[PDB]
Ligand SMILES: O=C(c1ccncc1)c1ccc(F)cc1
């Protein structure tokens, strides 16, 4: 069901949360080799999450589930804010700009924490 596909998508989201927090620790410790690997892992995780969310939104649309579509349009928009900030963080790492990396990292945390009430609403709506 679309609901079970959303729970599968929620787990992937949580996998990225885990890898992100490991990555933050590595950054703070200056283990740049680890950071590079974690950033690659996050890129794959976010790409997978984005795809599952799109399939869920498209299904909710085909089902005529107007409230779920509204919530998923809002949530996917916020997901893209996170994606843009993530990509900027990756660029800051490439460039050696630790000040920008730190900035983008906190911002990505706040965008993600904000979006969690909506994430829980979607589970109930599908
Ligand atoms: O911040 C992000 C994000 C980070 C990197 N690429 C895409 C989304 C995010 C990921 C999942 C989510 F549910 C809300 C936000």
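Every residue, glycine among them, receives a Cβ derived from its backbone with ideal geometry; neighbour counts consider all protein chains shown. Values quoted throughout were computed directly from the atomic coordinates according to the rules given, and no laboratory measurement underlies them.
Cβ-Cβ contacts under 7 Å between residues 6 or more apart (or on different chains), taken from a first residue in region 5-16 that is closer than 8 Å to residue 52 by Cα and without any contact (Cβ under 8 Å) to a residue 60 or more places away in the chain to a second residue that is part of a helix (DSSP H, G or I) and within 9 Å of the ligand (Cβ to nearest atom), are listed as 9/49; 9/53. Taken over region 82-110, residues that are more than 7 Å from the ligand (Cβ to nearest atom), closer than 17 Å to residue 47 by Cα and surrounded by 15 or more Cβ atoms within 10 Å (Cβ to Cβ) amount to 3. For residue 24, indicate whether it is in contact (Cβ under 8 Å) with a residue 60 or more places away in the chain and either surrounded by fewer than 17 Cβ atoms within 10 Å (Cβ to Cβ) or at negative phi (or both). Yes, satisfied. Among the residues here, residue 118 qualifies as touching a residue at least 24 places away in the same chain (Cβ under 8 Å), closer than 30 Å to residue 25 by Cα and either outside any loop (DSSP other than H, G, I, E, B) or under 13 Å from the mean Cα position of the chain (by Cα) (or both). In region 55-81, the residue that is nearest to the chain's Cα centre (by Cα) out of those that are within 14 Å of the ligand (Cβ to nearest atom) and crowded, with 17+ Cβ neighbours inside 10 Å is 79.
Looking only at region 27-51, residues that are surrounded by fewer than 18 Cβ atoms within 10 Å (Cβ to Cβ), under 16 Å from the mean Cα position of the chain (by Cα) and touching a residue at least 40 places away in the same chain (Cβ under 8 Å) come to 1 in all.
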